[PDB]
Amino acid sequence: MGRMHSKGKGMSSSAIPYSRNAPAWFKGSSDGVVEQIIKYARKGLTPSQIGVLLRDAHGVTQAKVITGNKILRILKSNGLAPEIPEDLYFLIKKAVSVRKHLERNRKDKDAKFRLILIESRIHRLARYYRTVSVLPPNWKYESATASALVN
Amino acid sequence: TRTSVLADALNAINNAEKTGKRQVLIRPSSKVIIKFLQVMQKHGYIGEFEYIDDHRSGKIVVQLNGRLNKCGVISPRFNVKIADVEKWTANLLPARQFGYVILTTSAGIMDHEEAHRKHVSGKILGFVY
Amino acid sequence: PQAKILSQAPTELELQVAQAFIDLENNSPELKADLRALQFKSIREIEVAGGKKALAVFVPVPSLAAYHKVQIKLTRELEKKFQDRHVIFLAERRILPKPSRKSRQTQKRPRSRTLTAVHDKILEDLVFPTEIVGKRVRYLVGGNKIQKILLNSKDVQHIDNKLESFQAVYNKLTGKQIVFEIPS
Amino acid sequence: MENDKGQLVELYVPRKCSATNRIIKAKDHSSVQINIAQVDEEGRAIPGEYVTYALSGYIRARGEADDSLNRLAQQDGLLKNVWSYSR
Amino acid sequence: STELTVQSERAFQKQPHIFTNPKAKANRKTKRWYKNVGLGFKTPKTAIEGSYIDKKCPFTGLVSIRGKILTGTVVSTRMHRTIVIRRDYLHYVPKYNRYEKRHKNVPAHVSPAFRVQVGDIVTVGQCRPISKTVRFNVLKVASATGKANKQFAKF
Amino acid sequence: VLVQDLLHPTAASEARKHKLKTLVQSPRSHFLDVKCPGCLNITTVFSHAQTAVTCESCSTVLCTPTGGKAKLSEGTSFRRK
RNA sequence: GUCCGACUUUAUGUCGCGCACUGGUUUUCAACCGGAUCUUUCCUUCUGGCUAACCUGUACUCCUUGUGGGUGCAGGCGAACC
Ligand SMILES: [Mg+2]
Ligand SMILES: [Zn+2]
């Protein structure tokens, strides 16, 4: 209901169950979960994609429930963590897409406004990550190194 | 965004009390509400109340007996001296024959009279009577 | 073979239990080939009202899940051997003190080593075969704390009489009176 | 209401609403005091004996009054299974 | 610091009134005098084994520490041999029963024995005056890095 | 109203309400063990499956994306578990 | 225990607020702050002190027989203190 950039007050989300431990009917092994997680990561799918695919295809509810640890942490321990966190990278991708659209057709002004919103969000998130020190303290997002990080 | 969960708890309490209800659902349910309600209950404004686990922040549901009249929270938890206690008692409580200013002490959560007999004083939380 | 499955052998009662364990090793096909390497950590006794008693075996908890794999079979055999005794398989956990402001630092006591968390795990392990589905806390008119546990109505039959066992044993571990729940 | 020597100085301690324990004000011309006739073995209303109830003006105004009384009609055992303490 | 051959400028920096005899048949390094400043503060090893001079070093020089002891954070390092420490604090305005954030900037003098980076928290000590604004010497860099301890992450 | 038992709502009332508003925030979803009309193997699927779930045995996509639950493929058999 | 008053020129008893001041408070009681403690529960903890202290136990009991209490020094009680 916050929705920083739009007065929308929705609460669309998920309520994960109360049982911290695994469901009683699950037959897969926590380790085998770990190896399939790592191989899908080798395929390149982001941990959100990893979670959704493991929920759709297999009895994987929450990898934290099963393996006792969370997907990004599994990747970090296994040394498959991306240099840029996925949500941030998606923000750069969206921002550069909007930038390309805007430069393509000038007069669109709501495009410019949404670009300002996206840059506000991306600066905010980068500030957070720098405080937690995931990013280098000199990591900066403006236009051109932005395009390089798009690659 | 929600800022002081204790204020929301007491606001729900006052709203549901004024309407004449008997039970209240406190949503965020942090330590301070629990201590507040034990102080309340041992004084008697509240009956046998209840905590609920939620794997996240829990919940409270509290029984009333209509004994209460009004509660409230002094959200900016002001630094009170051992002297300035009388100032708050005069400015908040109806009459010193009863009423209780609730403040956090080096001992812990505590009403004003307990604070004066223990000869300790800290930050003020709320006022009930 | 009693000696090397307790790590030290006073309190001859354990020996009988160890002998019990030995007498259940002999069921080779299903209750062996892994059951040998399960060390103990000084099984203790608890008085139980109504004439019974509760014996608490304390797993060192490097591989608690192995117990929680064998548990139903081993507990039923132990119950069969010991009349009017209720056996329970408690994990033992190292509680750590408060990081009191004046005491010198001791490198970030993990939450898993803390009183609330350890007691929660104690409750979880106290009734293994049935899972806890909810938790409630009540305070009476006097001001004393009581805790209520939403057990699963399904599967409850792995207990069917052990409620007082759990109640008394946990009371003697901490002292907080408990009542259990069965849902519709 | 208790003085030093221990005497009643307050004048007519007033009642409280049996439905919500709120007091009944002097000119609270909405509260009502119900008297329910007692019932003997064979179904005769015993005269002079009754169960007394007092509903405040506030609860009547919200329309909950009947509901509350159902509660009482269950709690004091004057009436059977009309109200559900759990809903 | 004095940064690579303290014997740099037009004069000699000899530690005052100390003599190492060339005649000595040992060719020892030098008579590098020092003192324990007191107040239960340990002189750093680089203070003894160091090769700087720093007449204003509280550990090897002539200055002496007494009086006030402050705990601030380094905010400016750009000036030579000396540091600028921010002190944030609260001021109780009584008309509103409220508190007011305030900050002062105290200069101080860092011995070459100490390495300081921006953001460090420093225990500094009052001293005999050094310059127009300096009246303090740094005595203990508490957080040399603090959160800059780790620099990479390779599980 | 004016007197309830928030500890013990009616189960009909409990499921009547919305999730995230119950006593305990529980999920409405579930997991179905679905078998393709071709292969007798059992494949687990999340009820509101997002991706086009495919049986690893054969290219026999069982559930298609939708706003709510994924729509089955008219030939499979599902078991609630 | 001391004794205050109706009781008045002055003393005892009687009867009075059920004690005008000194007292045990395990007759319960109730608080109302504490302190030490055991609970998988440390109170900076050592390094020596000094051992303040007895787990010492040594020569042995000075005492009705009974550890009520003593002349007494190698391990070893440390907050009682440096
Ligand atoms: Mg908070
Ligand atoms: Zn198929």
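See the structure shown above.
Peer 1: Is there a simple way to think about the protein's contact with RNA strand G in this case?
Peer 2: Every residue close to RNA strand G is listed here: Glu114(B), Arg117(B), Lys118(B), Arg93(C), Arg94(C), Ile95(C), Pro97(C), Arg104(C), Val118(C) and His119(C). Within 4 Å of the protein, the contacting atoms of RNA strand G are 61% sugar and phosphate, with bases supplying the remainder. In the environment of RNA strand G, a phosphate oxygen lies 2.6 Å from a nitrogen or oxygen atom belonging to the side chain of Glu114(B). One nitrogen or oxygen atom from the side chain of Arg104(C) is found 3.2 Å from a base oxygen belonging to RNA strand G. Looking at the surface near RNA strand G, the elements that each hand over two or more residues are α4 (112-118) of chain B together with α4 (115-126) of chain C. Top element by residues in the surface near RNA strand G is α4(B). It accounts for three residues. Considered class by class, the residues forming the surface near RNA strand G number three nonpolar, one polar and six charged.

Peer 1: Whenever I open this one, the side chain of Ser165(C) confuses me. Can you help?
Peer 2: Residues and elements named next belong to chain C. Summarising the element assignment, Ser-165 is placed in helix α5 (residues 163-173). Note on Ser-165: relative accessible area 5%, which makes it buried. With near-sequence residues (within four places) excluded, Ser-165 lies in contact with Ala-54 and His-86.

Peer 1: Explain the sheet that holds strand β1 (residues 44-47) of chain C here, please?
Peer 2: Hydrogen bonds along the backbone pair up the strands of a sheet, which may run parallel or antiparallel. Residue and element names in this part refer to chain C. A sheet is described by the order of its strands in space; here three strands give the open sequence β1-β2-β3, paired in mixed fashion. At either end of the open sheet lies a strand with only one pairing partner, and these are β1 and β3 (85-91). On average, each strand axis in the sheet is tilted by 30° relative to the strand beside it, whichever way the strands run. Here strand β2 (residues 53-59) pairs with β3 via seven bridges, running parallel. Bridge pairing in β3 links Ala-56 to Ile-88. Contacting β2 and β3, helix α3 (residues 64-81) crosses the sheet at an angle of about 170° to β3. With respect to the sheet, α5 is in contact with β1, β2 and β3, its orientation differing from that of β1 by roughly 110°.

Quick notes on the rules
For each chain, positions are counted from 1 along the sequence as written; this may not be the entry's numbering. Residues without coordinates are not shown. Think of it this way: whatever chain is written first is A, whatever ligand is written first is 1, and the rest follow in order. For these chains, which sit within a larger assembly, all listed values pertain solely to the part presented. The basis for the side-chain values is all heavy atoms of the structure; hydrogens and waters are excluded. We call a residue near a molecule or strand as soon as one heavy atom of that residue lies within 4 Å of the molecule or strand. Under the rule applied, a polar contact is a pair of N or O atoms within 3.5 Å (in protein, one hydrogen donor and one hydrogen acceptor; residues adjacent in sequence only if both atoms are side-chain atoms). The way it works is that DSSP assigns letters per residue, a run of H or I at least four long becomes a helix, a run of E at least two long becomes a strand, and they are numbered from the N terminus. In the scheme used here, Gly and all other residues not listed as nonpolar or charged are polar, with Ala, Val, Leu, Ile, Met, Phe, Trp, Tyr, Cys and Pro taken as nonpolar and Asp, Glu, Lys and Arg as charged. Residue burial is assigned from relative accessible area. The probe radius is 1.4 Å, only protein chains are included, and a residue is buried under 20% of its type maximum, exposed over 50%, and partly exposed in between. Whether two residues touch is decided by their heavy atoms; if any such pair falls within 4.5 Å, the residues are in contact. DSSP calls a pair of strands paired once it identifies at least 2 bridges connecting them. Axis definition: a line fitted to C-alpha atoms, limited for helices to the stretch in contact. Angles are taken between N-to-C directions and run from 0 to 180 degrees.

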